[PDB]
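What follows is the residue order along each chain.
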Amino acid sequence: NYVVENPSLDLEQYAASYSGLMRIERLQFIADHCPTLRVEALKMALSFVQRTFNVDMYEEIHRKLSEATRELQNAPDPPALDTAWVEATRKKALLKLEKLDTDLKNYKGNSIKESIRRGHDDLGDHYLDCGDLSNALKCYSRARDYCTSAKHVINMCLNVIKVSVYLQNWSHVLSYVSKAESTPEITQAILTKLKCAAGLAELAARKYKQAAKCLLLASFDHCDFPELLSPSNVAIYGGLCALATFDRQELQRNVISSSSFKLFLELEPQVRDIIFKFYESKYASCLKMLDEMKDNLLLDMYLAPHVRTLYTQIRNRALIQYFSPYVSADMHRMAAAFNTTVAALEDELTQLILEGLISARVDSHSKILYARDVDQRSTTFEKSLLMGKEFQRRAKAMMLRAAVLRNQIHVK
Amino acid sequence: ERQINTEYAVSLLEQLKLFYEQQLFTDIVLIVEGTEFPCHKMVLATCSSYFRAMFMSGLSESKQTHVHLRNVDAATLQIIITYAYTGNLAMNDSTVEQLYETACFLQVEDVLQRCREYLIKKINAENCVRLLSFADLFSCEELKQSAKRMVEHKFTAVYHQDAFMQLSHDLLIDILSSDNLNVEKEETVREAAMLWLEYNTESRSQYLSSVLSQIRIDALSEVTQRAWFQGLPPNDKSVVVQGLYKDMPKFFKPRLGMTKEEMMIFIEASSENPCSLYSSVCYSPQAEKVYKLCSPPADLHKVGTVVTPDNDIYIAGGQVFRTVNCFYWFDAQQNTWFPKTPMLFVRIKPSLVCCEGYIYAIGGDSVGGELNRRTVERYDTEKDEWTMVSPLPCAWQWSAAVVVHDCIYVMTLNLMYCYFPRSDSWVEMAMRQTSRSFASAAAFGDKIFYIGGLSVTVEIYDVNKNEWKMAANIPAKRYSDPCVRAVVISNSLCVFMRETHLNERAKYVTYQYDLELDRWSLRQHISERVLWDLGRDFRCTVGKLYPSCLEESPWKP
Amino acid sequence: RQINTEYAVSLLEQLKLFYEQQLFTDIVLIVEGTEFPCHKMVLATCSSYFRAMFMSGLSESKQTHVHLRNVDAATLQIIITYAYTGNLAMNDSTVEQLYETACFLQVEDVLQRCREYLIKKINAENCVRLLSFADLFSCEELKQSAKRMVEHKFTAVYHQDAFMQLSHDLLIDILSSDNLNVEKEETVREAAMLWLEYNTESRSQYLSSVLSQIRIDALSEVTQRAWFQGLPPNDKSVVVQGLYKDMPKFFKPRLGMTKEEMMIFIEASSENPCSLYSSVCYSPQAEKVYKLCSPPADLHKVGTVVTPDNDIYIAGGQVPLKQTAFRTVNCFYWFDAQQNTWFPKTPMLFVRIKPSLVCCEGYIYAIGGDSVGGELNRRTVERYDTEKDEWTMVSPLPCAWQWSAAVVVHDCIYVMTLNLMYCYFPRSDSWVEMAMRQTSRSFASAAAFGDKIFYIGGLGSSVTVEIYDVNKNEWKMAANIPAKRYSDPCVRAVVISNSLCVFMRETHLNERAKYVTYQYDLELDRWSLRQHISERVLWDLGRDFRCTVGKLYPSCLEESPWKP
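With that settled, the discussion passes to the overall build of chain C. For chain C, the helix and strand inventory stands at 12 helices and 29 strands. Dimensions along the principal axes, computed over C-alpha positions, put chain C at roughly 95 × 75 × 50 Å. Surface exposure of chain C reaches about 27,900 Å², of which carbon and sulfur atoms provide 54%. Side-chain charges in chain C split into 57 positive and 68 negative, and the spacing between the mean points of these groups amounts to 6 Å.

What follows is the structure, encoded as structure tokens:
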């Protein structure tokens, strides 16, 4: 599946770009899927997990770091968790939480909807920091009841979106994105954050056409959005999905018209060249950059399974567009339009013809790919004769059915 | 012994609380200037060490359903009674004195410790002398001594407070005769006593015969008698005789406050013992000695330093690596660190700036996850609280911030923004022509001197001119990476730089820089026989310290 | 939420100090010459009678000495200290008087705790006493729960002495109920007759009512002239009365006569994919498949036992911890034959996986079952007490065994493993070496029929049968079950209809599982086709399912709706 070996990831920037439990999840997966770098990834993870009083995931991360350090003590032939933290962390976490709980329950005796909603949101924020997902949800699911204003609804939607990403309840994210968008009359760019959340949720839900459409509408004025996804990965997420789903004219319009993805492409010049090479029919350089983008972004959270499908689609689409303006396309030249071998391209081309959407015939004698332009009339006549034969057969079947029903013929 | 409390001990507290509010089975009622407080003898017994004797002694009080307790406030007794019924004190910052007074009447030892800790923590700027007399009226020795040291510093700072005038004779003697006066001159204590004595009449003149002999004799042969000639009651002969006797005797000795030498506070130095990672030391520009300081957390590092105009040292943020938003303050005499109100965000290497008596923390990796990553937060030295202010304009890392002309100035790679404290807004300033980071700036006079960056870049900025200019390059040996430190010393701009080469030892030397000469003249070279290697992440700041309170750091030359 | 707990503990223990050290006492309870100095606050928190005693305005409001009568010193002391420290030490003897004083003082909390103690203490030897206690004081929840356990247990014993001393209304409710568990309607008849003849003519007026609740199939036959013998002399208002009285009241059979010998199955293949496993049963007479309640918290990897009193118990098992995730729990449950639910009981000391539950001398024996200990005694054999509701350890078995089965023959425990066998002697708590099998087979089951042990199958399984005789102490072969070749039969040994039958499910290549049972001829050593289970009623059950012999009521259970 994944967990492959490959160097050259910059741990410092990827950890600092994100922040929150999202960063915690990013550091864990990067450590778990990138060996020969798991130690520093785990060392940086635990150094940040101990902040904001985590309880359960800390034990898992500390155990993994202890195993990783033990492994380092045998190859070139385990850290202490300082359980004083447990005594310290629990005692502080309880006292402040109990103090906050006492206030809110007293506020529940005061009966103020906004105060109850705000207090419940604060309780949910504390529970998320404590490492209590469902506990935060119930606090957030009690703040949803006591809403008063449109901004309160927007904040309610954002909190549920944030939590359901960690819970991987992407259905709750999409439902709250729709509620937050369609309701309040479709400088403060609030819809941009909602579109970014929807695109990330759709991409994690194995969707590419709508996710790219949502990501392309994301304005760069949002800038800091580290609770869900960094702008650097957002540009990459949009570019890969657009390359796999959007066709040439579809790509050119959407990227240019958005004028925020141009800024996104400036952030990631590699995908910008990939799209530009895709437009200019330089798929040889386009795909070699793609493979370079493969290893750097296959250790991504919601990308690793989907990127392989996305990259497979990109390879298919690139081949389809390349052959389209060709009558006698030499398979040598088409093979030379990439680092692939003649045999490998022939197998890839044969697979594409079997699946379709290339409409070609392979002439293995001279290794030239000839496009197929069948006469419409001949196929029409053939399938019309087949339809007439099938109609006669079905008429015979119906006449036999009528004969056996009229004569009352049935097994007793 | 088995004292399990799971879901039962709370039930009994509730059951009694329901009956108290519903007025059930009360057998004793307290009459407080006509206000009735139906309560119970059992709960009063446990809370108060006086109410237990109020219902046990064989006097007529035992067989009396209505007891008229006086000299107690109704609100204070009610909050004590409810604390006896729920345990949540919920004390404010205003009624602390009367709540402690009634806890001194009915002996509520529990609330007494809580109020003592609350009072010992909130001696900020003004109530120091007020609660010191309060601690003189009610014996609170632990708070009495804590207020004594605090008053000794703060009173000498203000020495104009009206609350100081009304004090007992014994407390004034203890304050004035102590050798903990934070005064750089011996005349300010003389005039403080003079204004205290001339505040009233003969009754205070009796105390004058005992307080006039508690200062050094250098001020007793002065105009004090000449000003006392017009202020003496008529027909007084023997009082003049005893006044003349106070010139020769009673051990004229130097004070402690005059040892307020300007020194340099350093943090995160090369620890001697391998068991410790970093240490905080000090350097004396005049005494040419290296002093040490105690680490505030003793385990947490990556802290930021700030020095107020009143020569105070503060520590905020840091990592221990988990980031902690704790706060600390250095004691100038006890050589310890008293914590203060922690910040709301856990910062990494915060930049603290003092202006208008407020501490401003600019940048330093607040939480990272904030929607607006460009934010700051300030501190209140009087109210002891953190107040949110206008957010930062641009995101900067490894930045520096200084204060010039009562204005906040923060410096980064190439950009500078000035924060206007009166309107709470940021204003764009001049742009630097060179992009250099990992450097600090010094606020000397009306000019900002941004030194170093990656080097020896000397880029001088003037507030009145609003321009950046070059002066010269510091003379340093080639094939080296100097570590520049710019700070104001003795009202003169100077630098503290260390050079490191390959296979060579570090050398410490400070130079004297002239404004119109653009040259760093050799002022003093720090010999390695007294100062050892510091490191790379060390910080430097200017402040005045006491040699007697601190201890010399032992190290072999 | 709650309020500050740290002060809740401080006040609580300080009130206890003020109680043990008698200082702030304004009211003292005078009970049979025993002084009880206490407070009005603490008595108020627990009891709802002292709130009508102090804050009422009577003479006792100002009086500081009250003579509380019709109470007990020990009961008052434990109630008072419970109001003072909350430690309600409830033993097995003083709970009766504890409830009496709790109801007298109207103390709600201790009333619920002792009711919760009595809801767990309800058993065989005190069912009549608790029901009469539940009739004296209105405790409907206990009264109903007793009545259900009472109804089944009286029919079983019907010899307890407290049954005679019962109110007329209680007896009418018991006898007229449709929940009695009797193999015949004549045992309830004689139980009523002995109750009526227990006392003097004081039962004569109740006789016109007790016969009005019993069916008329016995109100014209014998046990009518017997009452005439016991009639008061010259009473002509009863003999003629009963002569023309038994016309009405609609003769109808009861529910206790509706128990049939059925094969109870556990951990069957769940029909709906939403659930992991389910429990079903086969009806050898009704030829239908009745559904059963799911195991408690889908308790998988458990064992079943049916006592000679026809009671079903569940011990051991594991619950999926909150992808593979399972944690083993030592919870114990009892199945209600009428309510179709599993009543929890006293849990074991150690957790078990697939335990062998065997009943003997009224004790439930769980032998082995992959205990959590793993020490030198990696067997952890322990019996259960059905009268005291507790577990007691027994003599450890000599050799550690895995995937074993156990049966009971001749009042002894016979546990079987791959090749070894050890017999447990309950009277001396010792193990004796038994005969050795000549074949290495495991993952099989054995059924105890008479004085012989029939180890059927073993390893899928096979058709190997080794018959062991207790009186002879030898293992001998009889025959092999004729089954289709190239198949994997799933053998299940069980005793039914006073004969040794087998529940063998076979599966052919590229074919579905087929259900068929055979009757083994004991004297002819041959398995005869007793009945063929059609697939139109019984679907696939799985592989890890267990079978046991027992009796259930088709009326209380419901038919499982599932397509053939």
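On to the overall build of chain B, then. A tally of regular secondary structure across chain B gives 13 helices and 28 strands. Reported as C-alpha extents along the three principal axes, the dimensions of chain B are approximately 95 × 75 × 50 Å.

Another point: the sheet that holds strand β2 (residues 35-39) of chain B. All names here are of chain B. With mixed pairing, 3 strands are arranged side by side in an open sheet as β2-β1-β3. Every other strand in the sheet has two partners, leaving β2 and β3 (66-68) as the edge strands with one partner each. Sheet twist, expressed as the average angle between the axes of neighbouring strands with direction ignored, equals 25 degrees. Bridging between strand β1 (residues 28-32) and β3 involves 3 bridges; their strand directions are parallel. Each residue of the ladder has a partner; that of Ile-31, found in β3, is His-68.

Further remarks concern the sheet that holds strand β21 (residues 445-449) of chain C. Residue and element names in this part refer to chain C. Judged by pairing direction, the sheet is antiparallel, and its 4 strands sit side by side in the order β21-β22-β23-β24 without closing on themselves. Of all strands in the sheet, those with a lone pairing partner are β21 and β24 (474-477), marking the two edges. Sheet twist, expressed as the mean angle between neighbouring strand axes with direction ignored, is 25 degrees. The sheet contact formed by β21 and strand β22 (residues 452-456) spans 5 bridges and is antiparallel. For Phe-449, the partnering residue across the bridge sits in β22 and is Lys-452.

Let us look at the UniProt feature "domain: BTB" in chain C. Those places that UniProt annotates as "domain: BTB" correspond, in this numbering, to residues 25-92 of chain C. End C-alpha atoms of residues 25-92 of chain C are separated by 33 Å, and the span's content is 29% helix alongside 19% strand.

As a further point, take the UniProt feature "domain: BACK" in chain B. In the numbering used here, UniProt assigns the "domain: BACK" feature to residues 128-224 of chain B. For the annotated span residues 128-224 of chain B, helix accounts for 62% and strand for 0% of the residues, and the straight-line distance between the end C-alpha atoms is 28 Å.

Per the UniProt entry, the sites bearing "domain: BACK" are residues 127-223 of chain C in this numbering. Helix makes up 59% of residues 127-223 of chain C and strand 0%, whereas the separation of the span's terminal C-alpha atoms amounts to 28 Å.

All names here are of chain C. Taken together, the side chains of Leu-349, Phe-350, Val-372 and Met-393 make up a nonpolar region of the molecular surface, amounting to roughly 380 Å² of accessible area. Mapped onto the secondary structure, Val-372 falls in the loop between β14 (363-367) and β15 (382-385). You can call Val-372 exposed: its relative accessible area is 60%.

Chain C puts 33 residues into the contact, and the matching count from chain B is 33 residues. Summed over both sides, the interface between chain C and chain B buries roughly 2,900 Å², with carbon and sulfur atoms accounting for 74% of that surface. Among the residues chain C hides against chain B, the three largest losses belong to C:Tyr7, C:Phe24 and C:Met41. Together they make up 25% of the total. In this structure, the connection of chain C to chain B is made through 0 salt bridges. In this assembly, chain C and chain B are joined by 4 residue pairs in polar contact.

Residues and elements named next belong to chain A. Here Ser-164 lies in helix α8 (residues 150-166). The exposure class of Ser-164 is buried, given its relative accessible area of 3%. Separated by 2.8 Å, the side chain of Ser-164 and the backbone oxygen of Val-160 make a polar contact. Non-local contacts of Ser-164, meaning those with residues more than four positions away in its chain, are made with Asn-169, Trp-170, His-172 and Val-173.

Time to look at the packing of helix α11 (residues 209-216) of chain A against helix α12 (residues 231-245) of chain A. Residues and elements named next belong to chain A. It is at 8 Å that the axes of α11 and α12 come closest, and there the two elements cross at 135 degrees. Between α11 and α12, the crossing angle belongs to the class labelled oblique. Considering how the two elements wind past one another, α11 and α12 form a crossing that is left-handed. For the pair α11 and α12, the contacting residues are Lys-209, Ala-212 and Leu-215 in the first and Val-234, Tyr-237, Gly-238, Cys-241, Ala-242 and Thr-245 in the second.

Cut-offs applied
- Residues numbered from 1 in each chain as written, not as in the entry; some residues may be left out.
- Chains lettered and ligands numbered in written order.
- Part of a larger assembly, values for the part shown.
- Heavy atoms only, no water.
- Residues with missing side-chain atoms left out of burial classes, pairs and counts.
- Helix = DSSP H or I, 4+ residues; strand = E, 2+ residues; numbered from the N terminus.
- Areas by Shrake-Rupley, 256 points an atom, 1.4 Å probe, with all protein chains shown as cover.
- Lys, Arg positive; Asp, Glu negative; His and termini not counted.
- Charge placed at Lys NZ, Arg CZ, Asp CG, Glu CD.
- Pairing = 2+ DSSP bridges.
- Axes fitted to C-alpha atoms, helices over the stretch in contact; angles between N-to-C directions.
- UniProt positions renumbered as here; feature names shortened; annotations may be inferred.
- Patch = residues over 30% accessible without salt bridge, like charges linked within 9 Å, V, L, I, M, F, W, Y side chains within 5 Å.
- Salt bridge = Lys/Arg side-chain N within 4 Å of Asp/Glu carboxyl O.
- Buried < 20%, exposed > 50% of the residue type's maximum accessible area, 1.4 Å probe, protein only.
- Contact = heavy atoms within 4.5 Å.
- Buried area = accessible area lost by both parts, 1.4 Å probe.
- Polar contact = N/O pair within 3.5 Å; in protein donor to acceptor, adjacent residues only side chain to side chain.
- Parallel < 35°, antiparallel > 145°, perpendicular 65-115°, else oblique.
- Left-handed = near helix turned anticlockwise from the far one by under 90°.

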